[PDB]
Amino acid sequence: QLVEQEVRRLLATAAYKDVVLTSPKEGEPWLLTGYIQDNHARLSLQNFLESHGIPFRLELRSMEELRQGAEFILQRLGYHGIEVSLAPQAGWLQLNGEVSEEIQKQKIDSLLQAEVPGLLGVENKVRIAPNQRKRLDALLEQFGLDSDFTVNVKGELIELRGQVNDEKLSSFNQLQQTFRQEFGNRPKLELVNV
């Protein structure tokens, strides 16, 4: 009837495009479920329902609250290079940025779903970050230096330890030039005579 028609006209607007109304029977509250873009939109719908003398229950989630939740979870789990935005589907988020190969294996999309209530899915567009260790070892092997130098990693400081002679010093200098051209100033390679 009329009031239901008025409510459904509001639900046909873009702010309420992810809200569902299940009509009650006699004497039960009207049930509205789904998603809204932010809490402000929820409050406006509440206002509208109350002005029609409608008894109701809202079971709605804010996409901005899902997005902020996901940001908090990524932060507390030590992920720093990831930006969270909305995906095209209701209840879905999107990730951009970069992570290491090892960390990608943690299946962060499903992990975010476990940690963020009402998250229906994640479109994960992050790329794989530079793997400096892997490239260093590839270069050492490519140049026949992998038995001359031993790699010791402490944070972003990588020591190449060996019994340094003139050959090894000049080979190190070439390796370091090549490494720097690709990675800039992180991590740093130090030559260490032992």
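Counting begins at 1, following the sequence as shown.
Trainee: Select between 109-117 and 80-88 the stretch whose C-alpha atoms have the higher average B-factor in the entry.
Mentor: Looking at the record's C-alpha B-factors, the answer is 80-88.
Trainee: Regarding 18-26 and 168-176, which shows the higher C-alpha temperature factor on average in the entry?
Mentor: For C-alpha atoms only, the mean B-factor is higher in 18-26.
Trainee: Just the C-alpha B-factor column, please: which of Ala41, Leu66, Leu32, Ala129 has the biggest number?
Mentor: Comparing C-alpha B-factors across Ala41, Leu66, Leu32, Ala129, the maximum falls on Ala129.
Trainee: Mind checking which third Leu189 falls in for C-alpha B-factor across the chain?
Mentor: Middle third of the chain for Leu189's C-alpha B-factor.
Trainee: Taking the entry's C-alpha B-factors for this chain, is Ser62 in the lowest, middle or highest third?
Mentor: Ranked within chain, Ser62 CA B lands in the lowest tercile.
Trainee: Which third, lowest, middle or highest, does the CA B-factor of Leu49 fall in along this chain?
Mentor: According to the entry, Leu49 has a C-alpha B-factor in the chain's middle third.
Trainee: Where does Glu123 sit by CA temperature factor within its chain: lowest, middle or highest third?
Mentor: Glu123: CA B-factor falls in the middle third of its chain.
Trainee: Could you place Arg133 in the lowest, middle or highest third of its chain by Cα temperature factor, using the values in the record?
Mentor: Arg133: CA B-factor falls in the highest third of its chain.
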